[PDB]
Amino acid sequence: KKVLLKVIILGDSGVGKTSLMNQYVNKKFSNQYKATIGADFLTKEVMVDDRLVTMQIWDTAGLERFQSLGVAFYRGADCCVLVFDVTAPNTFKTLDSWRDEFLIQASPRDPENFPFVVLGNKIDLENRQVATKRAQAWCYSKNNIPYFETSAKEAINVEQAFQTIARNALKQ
């Protein structure tokens, strides 16, 4: 068989969504910021629990008015990755609106069990402002969402987080 999993990456402008995707797919990182204006995807062949799957990873605009255009691409997603910046508490605050907007627009049949994963990114930086335990509490309050702390720049937890993403997305 061939299984294609659709994964959607959401989060505020600048949290590192594009960087996380680029680190996972191409093992490349750039400190140069170019803002994502249009949603678009990369494809990667992933191996999950001795099963080969094609992961279609969608990168979206975090910017405040372009993000409504991302909504058209929610439909059919098998997993939703929510990303925030551990140094920027305003990007943590928006996770609920991102999640609710995804749930009502994508409209899975089983919203309580739909696969989310939450990445708290940029831990390589100094002076984090969002406490690990605070993010963990939010994730737990949403029916035990898996939480990873990542660094796209230093390649910490990117592979592990996307392995969980692949696995939960693959669940029938």
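Residue positions are given as counts along the sequence shown, with the first one as 1.
Comparing 141 to 149 with 49 to 57, which has the greater mean CA B-factor as deposited?
-> It is 49 to 57.
Where do the C-alpha atoms have the higher mean temperature factor in this entry, in 26 to 34 or in 116 to 124?
-> Taking the mean C-alpha B-factor of 26 to 34 and of 116 to 124, the larger value falls to 26 to 34.
With respect to C-alpha B-factor, does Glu159 fall in the lowest, middle or highest third of the chain as deposited?
-> CA B-factor rank for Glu159: middle third.
By its CA B factor, does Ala135 count among the lowest, middle or highest third of the modelled residues in the chain?
-> According to the entry, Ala135 has a C-alpha B-factor in the chain's lowest third.
For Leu69, does the deposited CA B-factor place it in the lowest, middle or highest third of the chain?
-> For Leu69, the deposited C-alpha B-factor lands in the highest third.
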